[PDB]
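Enquirer: Here it is: the structure, laid out below.
Note that we place each Cβ from the backbone using ideal geometry, even for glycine, and neighbour counts take in every protein chain shown. What follows draws every value from the coordinates through simple rules; no lab data is involved.
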Amino acid sequence: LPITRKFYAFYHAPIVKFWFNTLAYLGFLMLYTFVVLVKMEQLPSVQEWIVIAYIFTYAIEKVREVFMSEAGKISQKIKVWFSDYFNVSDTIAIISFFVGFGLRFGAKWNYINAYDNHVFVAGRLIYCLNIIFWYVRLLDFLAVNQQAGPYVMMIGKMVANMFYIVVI
Amino acid sequence: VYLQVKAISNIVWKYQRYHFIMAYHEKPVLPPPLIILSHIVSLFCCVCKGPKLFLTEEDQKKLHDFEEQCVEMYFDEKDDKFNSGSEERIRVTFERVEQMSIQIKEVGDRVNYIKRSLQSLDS
Amino acid sequence: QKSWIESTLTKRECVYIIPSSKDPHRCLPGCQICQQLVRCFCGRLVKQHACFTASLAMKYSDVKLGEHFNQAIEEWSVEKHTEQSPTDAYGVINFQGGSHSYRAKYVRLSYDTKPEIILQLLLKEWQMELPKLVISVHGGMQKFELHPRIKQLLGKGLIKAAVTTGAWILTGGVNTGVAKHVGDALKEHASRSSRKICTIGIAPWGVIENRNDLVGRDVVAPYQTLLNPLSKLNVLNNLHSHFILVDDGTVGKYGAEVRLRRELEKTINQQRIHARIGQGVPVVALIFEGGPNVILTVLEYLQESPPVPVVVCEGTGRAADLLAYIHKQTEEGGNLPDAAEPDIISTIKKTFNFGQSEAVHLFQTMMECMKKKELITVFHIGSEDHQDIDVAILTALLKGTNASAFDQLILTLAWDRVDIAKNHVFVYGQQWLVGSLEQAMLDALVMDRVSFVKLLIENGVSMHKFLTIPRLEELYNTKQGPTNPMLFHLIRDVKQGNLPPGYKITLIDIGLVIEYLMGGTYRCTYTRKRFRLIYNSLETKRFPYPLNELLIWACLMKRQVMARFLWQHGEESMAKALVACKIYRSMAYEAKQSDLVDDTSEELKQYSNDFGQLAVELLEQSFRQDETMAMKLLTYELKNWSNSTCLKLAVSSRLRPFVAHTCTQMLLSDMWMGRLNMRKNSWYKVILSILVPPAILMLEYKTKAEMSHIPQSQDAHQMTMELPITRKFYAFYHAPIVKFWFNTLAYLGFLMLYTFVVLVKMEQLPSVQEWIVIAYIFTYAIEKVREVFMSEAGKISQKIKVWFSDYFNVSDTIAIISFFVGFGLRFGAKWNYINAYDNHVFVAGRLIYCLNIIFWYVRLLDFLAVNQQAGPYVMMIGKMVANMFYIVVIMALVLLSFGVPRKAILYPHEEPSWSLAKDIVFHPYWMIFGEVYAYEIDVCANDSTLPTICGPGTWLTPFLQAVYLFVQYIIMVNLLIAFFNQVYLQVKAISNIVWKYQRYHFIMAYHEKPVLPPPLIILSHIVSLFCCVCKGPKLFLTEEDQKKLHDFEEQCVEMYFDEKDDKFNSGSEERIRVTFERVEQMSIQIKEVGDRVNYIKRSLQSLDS
Ligand SMILES: CCCCCCCC/C=C/CCCCCCCC(=O)O[C@@H](COC(=O)CCCCCCCCCCCCCCC)COP(=O)([O-])OCC[N+](C)(C)C
Ligand SMILES: CCCCCCCC/C=C/CCCCCCCC(=O)O[C@@H](COC(=O)CCCCCCCCCCCCCCC)COP(=O)([O-])OCC[N+](C)(C)C
Ligand SMILES: CCCCCCCC/C=C/CCCCCCCC(=O)O[C@@H](COC(=O)CCCCCCCCCCCCCCC)COP(=O)([O-])OCC[N+](C)(C)C
Ligand SMILES: CCCCCCCC/C=C/CCCCCCCC(=O)O[C@@H](COC(=O)CCCCCCCCCCCCCCC)COP(=O)([O-])OCC[N+](C)(C)C
Ligand SMILES: CCCCCCCC/C=C/CCCCCCCC(=O)O[C@@H](COC(=O)CCCCCCCCCCCCCCC)COP(=O)([O-])OCC[N+](C)(C)C
Ligand SMILES: CCCCCCCC/C=C/CCCCCCCC(=O)O[C@@H](COC(=O)CCCCCCCCCCCCCCC)COP(=O)([O-])OCC[N+](C)(C)C
Ligand SMILES: CCCCCCCC/C=C\CCCCCCCC(=O)O[C@@H](COC(=O)CCCCCCCCCCCCCCC)COP(=O)([O-])OCC[N+](C)(C)C
Ligand SMILES: CCCCCCCC/C=C\CCCCCCCC(=O)O[C@@H](COC(=O)CCCCCCCCCCCCCCC)COP(=O)([O-])OCC[N+](C)(C)C
Ligand SMILES: CCCCCCCC/C=C\CCCCCCCC(=O)O[C@@H](COC(=O)CCCCCCCCCCCCCCC)COP(=O)([O-])OCC[N+](C)(C)C
Ligand SMILES: CCCCCCCC/C=C\CCCCCCCC(=O)O[C@@H](COC(=O)CCCCCCCCCCCCCCC)COP(=O)([O-])OCC[N+](C)(C)C
Ligand SMILES: N#Cc1ccc(COC[C@H]2O[C@@H](n3c(NCc4ccc(Cl)c(Cl)c4)nc4c(N)ncnc43)[C@H](O)[C@@H]2O)cc1
Ligand SMILES: N#Cc1ccc(COC[C@H]2O[C@@H](n3c(NCc4ccc(Cl)c(Cl)c4)nc4c(N)ncnc43)[C@H](O)[C@@H]2O)cc1
Ligand SMILES: C[C@@H]1CC[C@@]2(OC1)O[C@H]1C[C@H]3[C@@H]4CC=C5C[C@@H](OCCC(CO)CO)CC[C@]5(C)[C@H]4CC[C@]3(C)[C@H]1[C@@H]2C
């Protein structure tokens, strides 16, 4: 196979698109985690800008995933993509981070001590909680394996079929 | 409830593996920090400029032949898996042996007439 | 042109015109209605002959104006008045409406076509293989009628003979004749849809119905099932596959059967039946009620050269009956009994409705038909006369056609059918040629016909006699069978890349493959200096044990069904099966690695575990007879398999169920004992007798009789050839159980000192204890080196690959290397002379000790697993740690899902630090173990240990943690419990087997270990070193005992088969099968009596009256 057709066949492989997103997402969770733990000044650090960039561009990937879906009438496109645990959890996590970035960038910043503007405080605690949507998503990646998938697909069927013991 | 959720959860997994693979098979190459490039390319050009199993007409026939034979076997095997089973051979055996009893005893009668005959014909 | 059919074949058709019967019927002016109706002698309506040149004559009436010598026309020359052109009717019938739509196919050619063309397209274009029989059914073709038994039974044969020989039944095609009748059989049987009989049934395009439906080039046809009551044109019969529709160039006419159905028959009989075989493909002629023409056609095949035989049938109709009728009257053929020589002509009259001049003419044909009664037969369904027309058909080609039993057999070989030859070739008083039996075994082996191998080896063909170098050597060099295309791969590997053009495989080569497949040091006979000589020189050119040499062939070339057959024969049955399990297991590994197409590996892995399961099932059949001899079987030097052992082969194939049998464990115990009888003695006494040497003299040992089944070294054999006091010590100390309890009590005296050093302070120089500690490890390390260099394996790269495939030999390497980093930095240091633990070098070297210790307590599981109860539980902790890696990663997301928000919400001023890598992982890990940090939740509360962490957002952590533990203590930690509880039997069952297997490698390591433990072992090293520079076990039998053991194996094999045959024949499922099949047959033989008895009654009601 020639050199030019020997790249195109790699990059347009599903396994490659996976291990080329995982290593990005696992480089997103290592920066976001860094932002969440480390203090946060008036303006986003280089890391936090890259964090917003992923989510934003990721959100666009989730819109185009809807409009260019197989389904027909939009009301049916908006009924298969929301019948998915992680596409809801993205919606909740993309909408929430932009409540967080809204109240974090959009704030008065007392200039004496942060965490004296409850607006600023709020927008962070949105970040520090939205994070749970993004570690839990690694089960979308970890379930690729023939051994791990099932154990991920059991934690739904054990949480569901024990609601009644847990009320007792 | 472990076996009966582990058996299912394999099947729900192997089913969801379809919707997952066939989403990367239409996903951009480039990940969601740099995907915006592949979006602008597709956007810019779609305003300006799924998979298929491409067979040759010869292979459409060879595959068509494959389906035909494989159907024919499915029936020819199950018919034998039924006729070869013991429960079925007991049924036939039973129903024969019923019929056999009949066609023997009527001979048993008839033979008893050919005997009392020859005991008296020539005498 | 794109189509080889019409590119080659052509269609003939009338091009001139010849008015057939000029005289018009009615409608006073002839001119129009004459031409409109009066057909050409061409065939169809004269007006229909388009073919433009004729149509510029049809314009007025015809060619050759009106009268214009009306007599002159009257021939329709089928070359001048009839030109041909490329075919435009060749396609595929679909038989519109057919109940699963059975298919066929058609062409349309000119009868002058030569058979080379019909044959080549048949086998190229239509893509078939040459058959192995041609049943050309030249019978009567008048839609005739039969009785059910002969409608039904006669097919049971005819189908069967043709599916068992891949035949091509060659009918007349049409559904109003012999074609119609075979279809009645073809459907009643259905051939269990497959590539069954590939019936041809050649007929014309002239008498055919719906010719216009299937016109066009390579075109599907809507050919329809027209059972219109009159329909002068006829349908092709249903079940017939491939058709030919030879267009003479005329509707209505006949003749497009014989011009080709002659040539085809001869032309197939001209071709070779198979690559190996060199006969002509057989032709057999079947007759269903024939006719005036057929009864001559019958005669023609009798008169052909080759004399193609015929098969007729009593009770299909006129001809088959009469040919069977005169077969009764005529005796010898030459006779005709003259008392009835027109009395048959009385019958010849009534059956047909013949006349007189033809009556003798039929009778004439009957004579030459009988003149050779030799090559013709009859089917008497009414009696037991060679039942099931198969045998008659298959047989008839052998009885009549003069051919040697070789030439007979070799045909039956091609037809994969012994039952014929078993009862019609291998019959009484036969002229069996000297080498024909041999030359046939050459063919049955290569072609994979085990059934004829069995047949020939029964009738007498010694493998010892039929197994030279040249014979055997080419059996590899054949493609004429189910070849493994992988054998050529392993060869080109061991040649290191070399690959000549044709490459005659030599027996040097097969040896080097087996040396490579069996591994270790397995030297085949094919590579030894002796055999290398004689191979470069060519009964001394024979092999002693052939079925040991073919069993390799049958397995290298992946011919399982041959391998098992060649296994039950011969001798050394257990050994052979375990070699096969290694070869297949070894080919599978090379297939996976070196792929080219479909792995065939699971095909081989199934082939290994089949043999490898016979050995296990052959052993138990020997362990249940005499457990003693069945332990000698596992140990006697084989001498045909590289001086190896029936057990060292199982271990080589990782065949756990054999080493984990209860005979391979009672032997290993008997070696674990040694010369000790530890069923009387007790483990108390050994531990005493070690620390009390003179208590050895009160231990009850075993006699040389009780150590017959126990393989020994040379020296112990000598101490039993040449008990005294001096031989009563040597037998103790050189016991494996003693070498164990004499190392444990050292190692357990090492761990009690090392532990003392680790805990107690450590001054500048090692204390007496720590010197003894170093001594053990050092001398122990030497024991681990010599354990490698003097290992069984060959090339060092393989010695350095088995000793590192062991959990504790790695852990030693890590622990011996590490302690000498520790002793290096502990002895090699400056020692501040004010306080230790102020030299980080010294500190370091200790913490190496205090951590290396974990390698040395964990090793007591190598000692504790000796027990039959503890071993498994030790061999489970591997299979539970392995098969839960994936729950435990899910348990680490949840940990950081919680640890990152909490350290973010509670400590919101943290500069970058390494503490942000502990405190996101630290407390959330100790929560899994029930430490809730209850006075650190709700840090703003009044009972808090963290009243300074109170700030914005810190009310969220009680919720996160609630969610956390519900996952990490109720969902997930109780998912483990449910994991283990449900994977317990299936790991406990295994872990027993993995333990009982590893007990081999453990015992047989003390059986080559020094007596003296790793503090004092250095003495036994220097002794062996000093002397080896200056100066495994064997089961020593006497020649008499080699025979008694040989007898033991023989009988035990014979029972294994004789028992399983009865366990199958005694089972209910099998008795139902027979009962069923009998009771079917019984129904038949009763009801026929029920008939017959009903005739003997109506008789006697009227005879005397
Ligand atoms: C695929 C489908 C699923 C995904 C859905 C995707 C859509 C996501 C849905 C989003 C809807 C959620 C609400 C909007 C977010 C802001 C809300 C907010 O509080 O704003 C604040 C900031 O408002 C500003 O104007 C300043 C900061 C810039 C706004 C950036 C947010 C919009 C980005 C959206 C990009 C989305 C596009 C993504 C690409 C498609 C207003 O409050 P404040 O000014 O801070 O208050 C000052 C108070 N003080 C003066 C007393 C201190
Ligand atoms: C910084 C962070 C701040 C926020 C933190 C707080 C986060 C709170 C945590 C939230 C937990 C989120 C996980 C649950 C996801 C849904 C599960 C699912 O898919 O169920 C089912 C969806 O069934 C349907 O019928 C589809 C529509 C229902 C969607 C449910 C929306 C829940 C919204 C909650 C709003 C929460 C928002 C709260 C916050 C304002 C599964 O599929 P199905 O049943 O087969 O689908 C029907 C298909 N069918 C008809 C063909 C069969
Ligand atoms: C006091 C505390 C109380 C407990 C608190 C809450 C804890 C519990 C969680 C609560 C979250 C709310 C979602 C509940 C799930 C609903 C759906 C379900 O049950 O199963 C359904 C799918 O299930 C899923 O898609 C998700 C299953 C839940 C996973 C929980 C997250 C684990 C990791 C979080 C780590 C966080 C750690 C850090 C936290 C800071 C499947 O059900 P089914 O039977 O197959 O039905 C058919 C489905 N069908 C319609 C699509 C065909
Ligand atoms: C079967 C196969 C598996 C087993 C493998 C068996 C082989 C084992 C493999 C071993 C490889 C591991 C490395 C070698 C060990 C020393 C490393 C080290 O740090 O040395 C140190 C001591 O160096 C000295 O020279 C002083 C002490 C004597 C050296 C004794 C160690 C060698 C013994 C080996 C006997 C092995 C043979 C055993 C018998 C066969 C160097 O550092 P330092 O001088 O302390 O630093 C001073 C710094 N300061 C001045 C600032 C304070
Ligand atoms: C944050 C903490 C996280 C947990 C920490 C880590 C803890 C866990 C341990 C980690 C150690 C790393 C080794 C893991 C084992 C891998 C191999 C395996 O799974 O099984 C394999 C063998 O297994 C063995 O030979 C060893 C099994 C592990 C025993 C663990 C030590 C127990 C005692 C420690 C006491 C320490 C107490 C003191 C501590 C100071 C068998 O697997 P299989 O399926 O049969 O496959 C076929 C094998 N075949 C190829 C040979 C044919
Ligand atoms: C269940 C049966 C039990 C009862 C039910 C009754 C329900 C009624 C509940 C009512 C809640 C509202 C009243 C409280 C607000 C008053 C103000 C206050 O104290 O603020 C405190 C914040 O504390 C909170 O905000 C408390 C938590 C609010 C959410 C409650 C859970 C949602 C319902 C359940 C759903 C969950 C989802 C489950 C997911 C699976 C601040 O005070 P502080 O703490 O001292 O810190 C400040 C210190 N500083 C100023 C120095 C920095
Ligand atoms: C969105 C997807 C992107 C794709 C990812 C790649 C793009 C991301 C690339 C670069 C991003 C950063 C560039 C800007 C400048 C960085 C400065 C900085 O932080 O320096 C710090 C290192 O860096 C960190 O501590 C944070 C970044 C590295 C670790 C986290 C991400 C790694 C994973 C992603 C990559 C591997 C993937 C792994 C998984 C497969 C060092 O400084 P400090 O720690 O402050 O201390 C210094 C000492 N002092 C303070 C005393 C002076
Ligand atoms: C930057 C430099 C490069 C290195 C960076 C990257 C390092 C590596 C990255 C990740 C760690 C795991 C690597 C193992 C992959 C092995 C291959 C494999 O088989 O993958 C499998 C799973 O494929 C997955 O992608 C599984 C999920 C991993 C990504 C998500 C993070 C989960 C780990 C974090 C969780 C928190 C734990 C936190 C712990 C502190 C897919 O194949 P298979 O199942 O074998 O398929 C079977 C059949 N088949 C083989 C025929 C197809
Ligand atoms: C490598 C393998 C070799 C084979 C092993 C045998 C060879 C090893 C032989 C002898 C080694 C010691 C000889 C040197 C001098 C010892 C001095 C000493 O320590 O005295 C102490 C006893 O001893 C101990 O406390 C440590 C040694 C004995 C216990 C640990 C090993 C026992 C196991 C091995 C043997 C049984 C095996 C059991 C399991 C099967 C007593 O002094 P103290 O404790 O300091 O207190 C005194 C009071 N004072 C301080 C107030 C004054
Ligand atoms: C110096 C003065 C003398 C006293 C010192 C010596 C004392 C004794 C030494 C050790 C204690 C155990 C002794 C039991 C032995 C009984 C005999 C036996 O059957 O052994 C078995 C196991 O053989 C072993 O060797 C098991 C492992 C013990 C040595 C390693 C230490 C593990 C225990 C410590 C771990 C740390 C725990 C910490 C706890 C605080 C072997 O035989 P079997 O399984 O019966 O075989 C079944 C079939 N058969 C019978 C037909 C063949
Ligand atoms: N290859 C591959 C592959 C890749 C990813 C996945 C994960 O698939 C996620 C989808 O799987 C769906 N899903 C799931 N998801 C399991 C799950 C999701 C999230 C979490 Cl935190 C957990 Cl504790 C478990 N369970 C389902 C069920 N019981 N019935 C039907 N659908 C289920 C869910 O809607 C979600 O959208 C599965 C397979
Ligand atoms: N008789 C006897 C006898 C004596 C000792 C042993 C101990 O086992 C020794 C070997 O056993 C091997 N082994 C083991 N060892 C188990 C083990 C070893 C160490 C530890 Cl700490 C633990 Cl938690 C468990 N598991 C194996 C497996 N699942 N498959 C194949 N081999 C396995 C391992 O390589 C180790 O070297 C086993 C039997
Ligand atoms: C998939 C998983 C997602 C979460 C996670 O794993 C992978 O992502 C990782 C990224 C890590 C951080 C990267 C860089 C640094 C900088 C360093 O700066 C030293 C400065 C100074 C000290 O004084 C030198 O002198 C401090 C540590 C820190 C913040 C890491 C902490 C652990 C983190 C958060 C890891 C976390 C467990």
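Enquirer: What is the set of long-range amide H partners of C:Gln224 at a cut-off below 5 Å, with H atoms built 1.01 Å from backbone N?
Expert: Counting only residues 5 or more places away or on other chains, the set is C:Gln96.
Enquirer: Principal axes first, then extents: for the Cα atoms of the stretch C:948-1105, list largest minus smallest coordinate on each axis, whole Å, largest first.
Expert: Sorted largest first, the three principal extents are 129, 84, 18 Å.
Enquirer: Now a separate question. Compute the signed sum of charges (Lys and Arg +1, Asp and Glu -1) over the other residues within less than 11 Å, Cβ to Cβ, of C:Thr351. Let's see the in-between values first.
Expert: Numbers: positive: C:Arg318, C:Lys349, C:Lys350; negative: C:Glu289, C:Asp321.
Local net charge: +1.
Enquirer: Across peptide A:126-134, what mean number of C-beta atoms from other chains lies inside 10 Å of a residue's C-beta?
Expert: Per residue, the average neighbour count from other chains is 4.
Enquirer: Here's something else I'd like to know. With unit charges on the beta carbon (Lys/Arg positive, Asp/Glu negative), name the residue among C:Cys27, C:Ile877, C:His569 whose Cα is farthest towards the positive pole of the charge dipole of the protein assembly as shown.
Expert: C:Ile877
Enquirer: List the residues whose amide H sits under 5 Å from the amide H of C:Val311, counting only those 5 or more places along or on another chain, with H placed 1.01 Å from N in the peptide plane.
Expert: C:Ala285, C:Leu286, C:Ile287
Enquirer: Assigning unit charges at the beta carbon (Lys, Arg +1; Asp, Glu -1) and nothing else, what dipole magnitude in debye, to the nearest 20, does the stretch C:354-416 show about its Cα centre? Mind showing how you got there, number by number?
Expert: Values: 4 positive and 9 negative charges, 61 e Å.
Using Cβ point charges on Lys, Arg, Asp and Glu, the stretch C:354-416 gives about 300 debye.
Enquirer: Let me ask another. Could you work out [θ]222 nm for the protein assembly as shown from helices alone, using -39500 (n - 2.57) per DSSP H run of at least four and dividing by all its residues? Round to the nearest 500 deg cm²/dmol.
Expert: -17500 deg cm²/dmol
Enquirer: About the Cα centre of the stretch C:952-1076, how large is the charge dipole given +1 on each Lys and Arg Cβ and -1 on each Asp and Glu Cβ? Please answer in debye to the nearest 20.
Expert: 900 debye
Enquirer: Could you sort out which of C:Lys143/C:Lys232; B:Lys115/C:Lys1087; C:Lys632/C:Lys704; B:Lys27/C:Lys592 sit more than 22 Å apart by Cα distance in this structure? Please report the intermediate quantities before stating the final value.
Expert: On the way: C:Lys143/C:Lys232 13 Å; B:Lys115/C:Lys1087 20 Å; C:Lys632/C:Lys704 15 Å; B:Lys27/C:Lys592 33 Å.
Correct reply: B:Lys27/C:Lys592.
Enquirer: Partner chain Cβ atoms within 10 Å, averaged over the residues of A:156-165 - can you pull that number for me?
Expert: That works out to 3 on average.
Enquirer: Take the stretch C:286-437, drop everything but the C-alpha atoms, weight them equally and run the Debye formula without solvent; then report log10 I(q)/I(0) at 0.12, 0.14, 0.19 Å⁻¹ to two decimals.
Expert: Calculated log10 I(q)/I(0) at the listed q: -0.55, -0.72, -1.14.
Enquirer: In what sequence do C:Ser1066, C:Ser85 fall when counting other Cβ within 10 Å, fewest first? Write out the running numbers ahead of the final one.
Expert: Values: C:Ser1066 9, C:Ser85 13.
If I rank by nearby Cβ atoms, fewest first, I get C:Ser1066, C:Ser85.
Enquirer: Note down, for the stretch C:632-766, the three equivalent ellipsoid semi-axes (square root of 5 times each alpha carbon gyration tensor eigenvalue), biggest first, whole angstrom. Working shown, then result.
Expert: Details: eigenvalues 235, 108, 38 Å².
The answer is 34, 23, 14 Å, longest axis first.
Enquirer: Taking neighbour counts of Cβ atoms within 10 Å as a proxy for exposure, in what order, fewest first, do C:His240, C:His361 appear? If you can, show how the numbers build up before the last one.
Expert: Values: C:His240 27, C:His361 16.
Listed from fewest to most nearby Cβ atoms, that is C:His361, C:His240.
Enquirer: Round to a whole angstrom and tell me the spacing of the C-alpha centers of the stretch C:370-429 and the stretch C:923-949.
Expert: Spelled out, the Cα-based centre of one part sits 97 Å from the other.
Enquirer: Please go through the residue pairs C:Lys266/C:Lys350; C:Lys132/C:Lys350; C:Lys80/C:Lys253; C:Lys187/C:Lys479 and name each one whose alpha carbons sit more than 30 Å apart in this structure.
Expert: C:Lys266/C:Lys350; C:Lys132/C:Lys350; C:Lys187/C:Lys479
Enquirer: Let me ask something else about it. ³J(HN,Hα) across the stretch C:793-800 via Karplus (A = 6.51, B = -1.76, C = 1.60, θ = phi - 60°), whole Hz, x for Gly/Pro?
Expert: With coefficients 6.51, -1.76 and 1.60, one gets 4, x, 3, 4, 4, 8, 5, 8 Hz.
Enquirer: Between C:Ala392, C:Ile817, C:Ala221, whose Cα lies farthest towards the positive end of the dipole of chain C when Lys and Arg beta carbons carry +1 and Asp and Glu beta carbons carry -1, centred on the Cα centre?
Expert: Value computed over the given set: C:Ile817.
Enquirer: A further question on this structure: Enumerate the calculated ³J(HN,Hα) couplings along the stretch C:456-462 in order (Karplus 6.51 cos²θ - 1.76 cosθ + 1.60, θ = phi - 60°), each rounded to whole Hz, writing x wherever the residue is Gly or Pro.
Expert: 6, 5, 6, 4, x, 9, 6
Enquirer: Next question. Packing-wise, with mean Cβ within 10 Å as the measure, how do C:466-474, C:306-314 rank, highest first?
Expert: Packing proxy ranking, top to bottom: C:306-314, C:466-474.
Enquirer: Hey, another quick one. Normalised by the number of residues in the stretch C:265-340, what is the relative contact order in percent for Cα pairs under 8 Å and 6+ residues apart?
Expert: 23 percent
Enquirer: Also, I was wondering about something else. Along the positive direction of the dipole of chain C (beta-carbon charges: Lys, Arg +1; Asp, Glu -1; about the Cα centre), which of C:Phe966, C:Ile118, C:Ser805 reaches farthest?
Expert: Final value for the positive-end residue is C:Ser805.
Enquirer: log10 I(q)/I(0), Debye, Cα-only the stretch C:349-467, no solvent, q = 0.19 Å⁻¹?
Expert: Results for the stretch C:349-467 at q = 0.19 Å⁻¹ read -1.03.
Enquirer: Please turn the phi angles of the stretch C:166-182 into ³J(HN,Hα) values with the Karplus equation 6.51 cos²θ - 1.76 cosθ + 1.60 (θ = phi - 60°), one per residue in order, whole Hz, x for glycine and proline.
Expert: x, 5, 10, 5, 10, 7, x, x, 3, 7, 10, x, 3, 3, 3, 8, 5
Enquirer: Further question: Using a cut-off of 12 Å between beta-carbons, work out the net charge of the residues near C:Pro947 (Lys and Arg +1, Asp and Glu -1, C:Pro947 not included). Walk me through the numbers on the way to the answer.
Expert: On the way: positive: none; negative: C:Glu936, C:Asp938, C:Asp943.
Neighbour charge sum, excluding C:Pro947 itself: -3.
Enquirer: Okay, moving on. I'd like the mean, over residues of C:186-199, of how many other protein chain beta carbons sit within 10 Å of each residue's own Cβ.
Expert: Taking all residues of C:186-199 together, the mean is 2.
Enquirer: Let me check I've understood the local charge: for C:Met367, count other residues with C-beta under 14 angstrom from its C-beta, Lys and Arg +1, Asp and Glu -1. What total comes out?
Expert: -2
Enquirer: May I pose another question? Residues with amide H under 5 Å of C:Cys40's amide H, sequence separation 5 or more or different chain, H placed in the peptide plane at 1.01 Å from N; which?
Expert: So C:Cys40 has HN proximity to C:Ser20, C:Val46.
Enquirer: Sticking with this one: Over the alpha-carbon set of the protein assembly as shown, divide Rg by the Kirkwood Rh and report the Rg/Rh ratio to two decimals.
Expert: Details: Rg = 45.5 Å, Rh = 42.3 Å.
Ratio value, two decimals: 1.08.
Enquirer: Over the Cα atoms of the stretch C:278-360, what radius of gyration and what Dmax do you get, in Å?
Expert: Values for the stretch C:278-360 (Cα only, Rg and Dmax): 13.9, 48 Å.
Enquirer: Find the eigenvalues of the gyration tensor of the Cα atoms of the stretch C:825-883, then list the square roots of 5 times those eigenvalues as equivalent ellipsoid semi-axes, largest first, in whole angstrom.
Expert: Semi-axis lengths for the stretch C:825-883 are 39, 12, 7 Å.
Enquirer: In nm, give the distance between the simple-model label positions of C:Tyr873 and A:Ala160, each being 7 Å from the Cα along the Cα-to-Cβ direction.
Expert: 4.0 nm
Enquirer: I want to check the label-to-label distance for C:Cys27 and C:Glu83. Put each point 7 Å from Cα in the C-beta direction and report it in nm to one decimal.
Expert: That separation, rounded to one decimal, is 3.2 nm.
Enquirer: Let me ask you something else. Based on the mean of other beta carbon atoms within 10 Å per residue, what is the order of A:25-32, C:408-415, most packed first?
Expert: Highest mean packing first, the order is C:408-415, A:25-32.
Enquirer: Over all directions, how big on average is the projection of the convex hull of the alpha-carbon atoms in the stretch C:199-260, in square nanometres?
Expert: Working: hull surface 18.7 nm².
For the Cα atoms of the stretch C:199-260, the hull's average projected area reads 4.7 nm².
Enquirer: Of C:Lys739, C:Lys1034, how do they rank once you tally other Cβ atoms within 10 Å and put the fewest first?
Expert: Fewest-to-most ranking of C:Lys739, C:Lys1034: C:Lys1034, C:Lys739.
Enquirer: Related question: With each pseudo-label sitting 7 Å past Cα toward Cβ, what's the C:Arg195-A:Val46 distance in nm, one decimal?
Expert: Using points 7 Å along Cα→Cβ, the separation is 6.8 nm.
Enquirer: List, in the order given, every pair from C:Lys558/C:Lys801; C:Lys47/C:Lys180; B:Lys6/C:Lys801; B:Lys62/C:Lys196; C:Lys454/C:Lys558 whose Cα-Cα distance in the structure shown is over 27 Å.
Expert: Pairs exceeding the cut-off: C:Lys558/C:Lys801; C:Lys47/C:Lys180; B:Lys6/C:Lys801.
Enquirer: Might you report the magnitude of the Cβ-based charge dipole of chain C about its Cα centre, with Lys and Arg at +1 and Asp and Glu at -1, to the nearest 20 debye?
Expert: Rounded to the nearest 20 debye, it is 1560 debye.
Enquirer: Related question: Please give the Cα centre distance for the stretch C:527-585 versus the stretch B:85-122, rounded to the nearest Å.
Expert: First find each Cα centre; the distance between them is then 58 Å.
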